[PDB]
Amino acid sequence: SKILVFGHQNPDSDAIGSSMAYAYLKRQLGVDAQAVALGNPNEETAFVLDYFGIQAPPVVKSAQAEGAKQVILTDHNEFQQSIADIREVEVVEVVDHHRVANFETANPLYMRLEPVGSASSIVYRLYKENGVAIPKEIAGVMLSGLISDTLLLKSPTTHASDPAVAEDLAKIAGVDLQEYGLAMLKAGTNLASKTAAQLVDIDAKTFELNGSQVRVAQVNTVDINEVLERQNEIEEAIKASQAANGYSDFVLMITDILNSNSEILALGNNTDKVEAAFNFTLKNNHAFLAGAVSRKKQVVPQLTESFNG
């Protein structure tokens, strides 16, 4: 009866932070909940965990294997993004900031979705609404989740209310927003220590675009050209992944967080549709896409339009 609280596959900072923050809150409310992760923390999240001196959630792969019948999803609701046997257990709660799709429950449940910058932002309000004090380290993982998802509040996903949230969490966490923000974001640009295969699967999701299974990965870097130093291995890793997972197209978003621009490297059957989604020309399989920092707002939408559905 231990309720498992977890974010999406290829957990990012917001996924981990929101699940940890929410699990703690559930416990304060008398619920036997435990935060777990569907994968190992990425470099950005590792930085956060280390910073506030807390351990990463246990990594699990099957709810049933862990003997759990009830789960709480944070930072996602779509089944392909959840635990492998999500269809076999009961989803009792969901706290997320994404559109809803490929989600279904047999019974009523709790749901708190808000079209804001991060799932962590929502959990924060739940602490306030329940009158539960926020511990320093919990504030830290929540703040980190918000900072992560909004690129230190500079991303188009930043909601009007997020800055105030970010400000209060920073205070509770004992950090200077800009200083901590920049340090953490930079921690995610540690890509050299990763293999090409791992690099393209650090932060990636799949989208069904008018019948095409399109993989869209993102990475934060201090320089697009640095990431391209291994373009060959990366393209190779991309083609391999495409064959292994059934992807007709693979889009790699190389985001320069300093200059707020992203390089688009795409391979597959419909690279021409990619070129159409952004009106550019892929040379050696990539092109510059100025001002792009958000996958959900500045990439998927145009890819959706060009592929159509």
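Start at 1 and count along the sequence shown; that's the residue number.
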Once average C-alpha B-factors are taken from the entry for 18 to 26 and 288 to 296, the winner is 288 to 296
Highest mean C-alpha temperature factor of the two stretches 28 to 36 and 256 to 264, which is it? 256 to 264
Based on the PDB entry, the highest CA temperature factor among the options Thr150, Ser121, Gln218, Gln231 is that of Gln231
Please place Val60 in the lowest, middle or highest third of its chain by C-alpha B factor as given in the entry. middle
Based on the deposited C-alpha B factors for this chain, I'd like to know if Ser248 is in the lowest, middle or highest third. middle
In terms of its chain's C-alpha B-factors, the third that includes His159 is the middle
Just say lowest, middle or highest third for the CA B-factor of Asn279 relative to the other modelled residues in its chain. highest
Can you tell me whether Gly140 has a C-alpha B-factor in the lowest, middle or highest third compared with the other modelled residues of the same chain? lowest
